[PDB]
Every structure is written in structure tokens, then in C-alpha cells.
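What follows is a single chain, given as C-alpha cells, in the form deposited in one PDB entry.
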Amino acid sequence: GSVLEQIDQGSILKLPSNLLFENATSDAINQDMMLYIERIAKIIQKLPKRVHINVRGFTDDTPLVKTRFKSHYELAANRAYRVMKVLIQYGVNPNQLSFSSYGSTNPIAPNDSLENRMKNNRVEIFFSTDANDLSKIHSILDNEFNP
């Protein structure tokens, strides 16, 4: 519910930035949230090795002052990287992990309200696989029938 959402090519755990991090321009994780990341790490470790985990950082488009970060892309990158590193510290194999920065792109909801702007400041843990059976079927048929 509040955390889990399904999309057609994988699953998403949505972690609000204001809950996860120390302040609005920080990439340090709140100590009382560390074992929630461990909880996620433990579930990942039980999944098949073929599952990939992409830790995705997003911001809204509120400009930020008095910070070392010079773009929403940089802030989002540092946040996603931090969460990814903690997953590794709690036992997830790095061969299953990547991080992404979306900056202010791909918002959950339009940046048209205070509620929506807060929704857009989040880290998403995206679970998927690199399934290619359909692609391989198509390539074989293409070889045969494409004149």
C-alpha cells in the first residue's frame, strides 16, 4: 500500500525523502530508518539471483539554496547512492544493484500542490529482471520470415 506499487515491468517500494533523510538538502539517512533498509535488504537476499534492484532518486522542482548540490540531478543521485550503499552494508550483492537519478523528471503527480511536491521527493527501489525470451523469439522469427 503506502509503500508498494506494481508497474507492468516490475515492482516499486516508495520511500519518502522527508522520512528517510536528515534534512531537505542532505543525503544522510535517519538512524531510526536504518533497519527498514535492512528489512528491504533481507527480502532482496531471498529473491532469485536474476532479480535486479535499481535504486531511483527523484526530487520535485523546488530550487534549493545554501547547498553544495548544483542540480536536482546531483541531489537525487546522492540520495539514491546512499540508499544503495546501505543495502550493500546489509548484505545485498553489488552485482544486483544500480542507482539512478531522475532529478525533477517523471513526477508521481504534477507539481501543482504541496501534497504532490512532497510525493515527488522520494527514493524508489525498483525490482525487475532482464527477461529476454520474447526478444529471442522475435529475432528467430525475423531471421526466418523477413525477406
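Under this definition, the rigid core comprises the largest set of C-alpha atoms superposing within 1.5 Å between the forms. The first residue of the shown sequence is 1; numbering continues from there.
Note that the form deposited in another entry isn't included here; everything after this is about it.
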Superpose on the rigid core, then report which one of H52, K42, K85, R117 has a CA displacement of at least 2 angstroms between the shown form and the other one. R117
If you line up the core, does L97 shift 2 angstroms or more at its C-alpha between the shown form and the other one? no
What changes in that other deposited form is the Cα distance between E115 and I40, by 3 Å or more; the two atoms are closer
